[PDB]
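Protein chains in written order, with the authors' numbering: chain A, 497 to 645; chain B, 405 to 438; chain C, 1225 to 1279; chain D, 2 to 123; chain E, 784 to 913; chain F, 216 to 370; chain G, 1391 to 1502; chain H, 500 to 576, 579 to 619; chain I, 835 to 890; chain J, 1781 to 2016.
This is how it looks when you write it as structure tokens:
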């Protein structure tokens, strides 16, 4: 999938068909994600897009646990470039599938959500401010809060 | 706007490449093999 | 908001069947690589306009 | 005779682009290890700064040499320019030839040996 | 001035005056150093004058003394320079002969003219007659 | 010891090299248009007033730049003013990026005026202007040709 | 966006039309950068004349909806041939065809 | 003046690639996963979060300052352009650039013309 | 003016790729096309000569 | 190739004296049709107890070679074996009595498999072994999908001879850029065909320059048959 010119939705369908068929495929496959983002600096500007939309498509059509995002580390100190525009086109491209509201909720509403460092970094007023700034730049701003008291 | 001259003139034409309706003259596979 | 389901009209597949019927007729007046190239031109002329509709 | 060498060096590059000569044998592998270029036909109103400004487009001249006369003169018309890289001299002899600055046209050639006070042809 | 002295070397060495060791000691080494270049094979009035002087230089000095100095130039990446060397070889060997060339030189010239025949671009026939 | 040598080099600009690039038919013109110089997209006209009443009308929507001077030989807009230099002040339109109150960003046509460093200087709003900077012209502002008061108003 | 960036800045589009791989977009961006822009921009009114050319010269066109010098090559099938080779092996015909009495051909890549 | 500096740079890169590095480099290599995290990778909203504006420091090969940012014409050999190089030439770069682009076009059409009746 | 006539002539020339062609009509068609190639203005004013006064 | 069965490393002990260590060795068997490299380990423990260690390896090798012939199937055993310089025609003749139809020949095509000990994936495998593992590797990585075995051999022996005459510049030539990554299941880098033949041209220029530096011979003064004789390793 990573290498076909423009992305073909056919892969997040075969992929999903496995990824919920046998128990194993979902586990192995997710391993491929966590493995995947934490490098993602090799392939860039194309394969990065095809693979990003590849995962967004799985999440949107589910057949993949909503917590794969525990690996995504939102920092702006520790995020690096191609990582950053991996996750960009990732959400921005997941945006319209779920629409903003149905994403905004399902991102948060799930209660048990605090597995990640993506959004919830309510930590020091740095990577907190950096989240807000990022998601405003990526042009979603569908979640922005005031932790500045 | 200052376009580069390397992008210019890379393909000529005013034909089609899908020449008329003559379906015998191998329109596919634009570049070579070896 | 909605979904769009697609199929091929019967006149298009009838036109392609009569198309390959006349390439079968023209098989007797040309060679083998010519009619295979003609099959290929007809198959691109179908498929590149019927991309998601062929499935 | 004073400016037909402009036409000669132009016809050399036209014959190179006509015959399809690759860059390995296109007249610049014979003049290697030398960043010195000779100028011809310069007007007498040119200072060293204007020559630097008109030939620093492809790289700054490291070593300038105008032919300033001893006592009674100011200039003759020749110049030596030593750039950084030899490809700058390639681009200067291929691009700055045939242009004109205030009347008289100028010419660019290579030196390749050493600077001389007067050996060339006025 | 290169063209003028290239014409001067032809007519100033043909009658009785200059001898062999005089020329092959101090006339021809700067001649092969500074004039056998790529820019002189481009202009046709300089292309013809070089070989037209080199013919009389081979008449005065000899065959293998010039050829063995330009026999390694048949494996160049330039077509017109190899064509100049090929015209030099054809005119010297058609005017003088081939008795002066020994066993230590003929495989070099044969391999050079075969390599020039393998990698020619234009439809000229000067290499054929050579 | 009196001089090092009587000759010496120059390293100064001759008129000729600057002149060949910028031609009024009999002389060089200072002021090459800045890269964002473009045609004015608003309706604009410069009206001269001798004393507050209409003299000609100059339509400014045609060109990116306009020159002020003493005669229609050199400058686009000339004045019968003996104490105006041949090149006096230049009217220049440009595209600049802008931000509105809402935070919306984009490209705006702005006209500017810059003194040429003319012999008698220039004034805007009946206030002296400094030379060598583009001043932002605003609607109805008065241009005048010499450091005190003059026989013509430009609006 | 990159055109307005190059207008706002003062750079040149050297190779920044390569992130879109020189052959993307439904008009196929390399149609703009060609030899005949100023002439083929005056060929307006197309895609309908070719459909009326079924009422002309007898070769029936299966490409009435496109021709490459205005909307571009909308498909690049190049790797299907290579994957056909890798699916049938690189020796897909050499074991079958007598290459050996063709000549002494040891390479089979310079074959023409 | 700078070709010998380029030779010194390529020889010190030659020495660091020979005397310490193996024959083949892998994916990890302890250098390439650093360069991949140090790529430009356009499409990054975090660029304006850490950078104020594209200013002009002393960005030059030497200590001396560099020419400002208008657009100079390309010349096939990426130069050290400085001290007022304003686009004066005879038109030899653009002509042979059009020549090589036309050559790359006519080889594409010549392959088509050769592959017609095969 | 020439920029449309060359488009029309190449639009006519595209329909002639095979050379197992007919005896007189389309060979003099391509002959008139190449005569319009060698002289654009002659065919350009010949179109105007057909275009003012000829309607039968 | 059985030259590197015995090889001695260079070391310095706690004392100032210099001695030799009979460390482990290699046996190279190469198939030029497919690219299979049969690499046999010779452990250090057989280098103790036996006498004339510099003369008994020629008799210890052929038994393991015959065991390899007996282990492999019928269609994969060779009809001809081209050995290195002659010391093994009669040992292979007396050890191949169970397979009489195998021809043993010593030709003029010597090949630098000792330069195969200069690459790192072979080097850490030959230095760290506690068993005669008999590994089976591949040198024609992904070339058979695009080129033949002929161009593969004509590339491989040139790169190996360039690594033999000068490991330094033949090592830096094989990585021409900083984007010349190598997958773990292969040993050669992955790069396009134009820079394949570019690396071939500059490595044959390396070999000709090493010849002209060693024997003080003008490179352009050699005929291309003589350039062929240098580039294959003919005894000149």
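Note that beta-carbon positions come from the ideal geometry of N, C-alpha and C, so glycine has one too.
Nearest residue (CA-CA) to residue i, options the options
i	options	result
residue 1867/J	1839/J, 1967/J and 1881/J	1839/J
residue 973/E	870/E, 874/E and 849/E	Absent from the model: residue 973/E. The displayed extent of chain E is 784 to 913, so no value can be given.
residue 126/D	219/F, 364/F and 359/F	Chain D is shown from 2 up to 123; residue 126/D falls before or after that span and cannot be answered.
residue 81/D	110/D, 101/D and 30/D	110/D
residue 1424/G	561/H, 579/H, 605/H and 613/H	605/H
residue 75/D	239/F, 225/F and 297/F	225/F
residue 1439/G	1429/G, 1489/G and 1451/G	1451/G
residue 574/H	62/D, 91/D and 77/D	91/D
residue 1810/J	1803/J, 1788/J and 1781/J	1781/J
residue 599/A	557/A, 582/A, 621/A and 574/A	557/A
residue 1860/J	1881/J, 1870/J and 1792/J	1881/J
CB of residue i within 9 Å of CB of residue j, strictly
i	j	result
residue 633/A	residue 545/H	yes
residue 1864/J	residue 1886/J	yes
residue 1407/G	residue 1459/G	no
residue 1919/J	residue 1829/J	no
residue 618/A	residue 1466/G	no
residue 2024/J	residue 1818/J	This structure cannot settle anything about residue 2024/J, because the visible part of chain J is limited to 1781 through 2016.
residue 583/H	residue 57/D	yes
residue 47/D	residue 229/F	yes
residue 602/H	residue 409/B	yes
residue 585/H	residue 83/D	no
residue 842/I	residue 1443/G	no
residue 294/F	residue 285/F	yes
residue 878/E	residue 847/E	no
residue 881/I	residue 846/I	no
residue 604/A	residue 615/A	yes
residue 564/A	residue 526/A	yes
residue 511/A	residue 546/A	no
residue 869/E	residue 899/E	yes
Presumed contact (8 Å Cβ cut-off) between residue i and residue j, rounded CB distance
i	j	result
residue 79/D	residue 41/D	7 Å
residue 59/D	residue 93/D	5 Å
residue 819/E	residue 853/E	7 Å
residue 435/B	residue 1468/G	7 Å
residue 36/D	residue 85/D	7 Å
residue 1496/G	residue 1461/G	Wrong, their Cβ atoms sit about 46 Å apart, outside the cutoff.
residue 606/A	residue 562/A	7 Å
residue 338/F	residue 296/F	Not really, about 13 Å apart at Cβ, beyond 8 Å.
residue 11/D	residue 104/D	About 19 Å separates the two Cβ atoms, so there is no contact after all.
Check: residue i C-beta below 8 Å from any heavy atom of the ligand ZN
i	result
residue 597/H	The ligand ZN is absent from the structure shown, which contains no ligand whatsoever.
TODO: Would you check if the stretch 812 to 827 of chain E and the stretch 785 to 794 of chain E touch, i.e. whether three or more CB-CB distances between them fall below 8 Å?
DONE: yes
Open item on the list: Check whether the stretch 1876 to 1896 of chain J and the stretch 1935 to 1948 of chain J touch, using three or more Cβ-Cβ pairs below 8 Å as the test.
Closed with: As far as the Cβ criterion goes, the stretch 1876 to 1896 of chain J touches the stretch 1935 to 1948 of chain J, which means the pair count is three or higher.
Task: At least three beta-carbon pairs within less than 8 Å, the stretch 273 to 291 of chain F to the stretch 306 to 315 of chain F - done: yes
Task: Minimum length 3: unbroken beta strand (DSSP E) runs contained in the stretch 554 to 578 of chain A - done: none
- [ ] Tell me the start and end of each unbroken alpha helix (DSSP H) in the stretch 805 to 877 of chain E that is at least 4 residues and wholly inside, in chain order.
- [x] As far as the stretch 805 to 877 of chain E is concerned, its whole alpha helix (DSSP H) runs of at least 4 residues are 811 to 817, 827 to 843 and 847 to 853.
TODO: Could you tell me whether the stretch 7 to 26 of chain D touches the stretch 858 to 875 of chain E, using the rule of 3 or more Cβ pairs below 8 Å?
DONE: yes
Task: Three or more C-beta pairs below 8 Å linking the stretch 323 to 335 of chain F and the stretch 345 to 352 of chain F - done: yes
Task: At least three beta-carbon pairs within less than 8 Å, the stretch 1247 to 1263 of chain C to the stretch 856 to 873 of chain I - done: no
Task: Entirely enclosed alpha helix (DSSP H) segments - the stretch 1846 to 1930 of chain J, minimum 4 residues - done: Within the stretch 1846 to 1930 of chain J, the complete alpha helix (DSSP H) runs of at least 4 residues are 1869 to 1875 and 1900 to 1907.
Task: Any 3 or more C-beta pairs closer than 8 Å across the stretch 532 to 550 of chain H and the stretch 623 to 638 of chain A - done: yes
TODO: Report yes or no: do the stretch 534 to 545 of chain H and the stretch 1974 to 1992 of chain J share at least 3 C-beta pairs separated by less than 8 Å?
DONE: no
Task: Complete beta strand (DSSP E) runs within the stretch 284 to 334 of chain F (minimum length 3 residues, chain order) - done: 304 to 314 and 320 to 330
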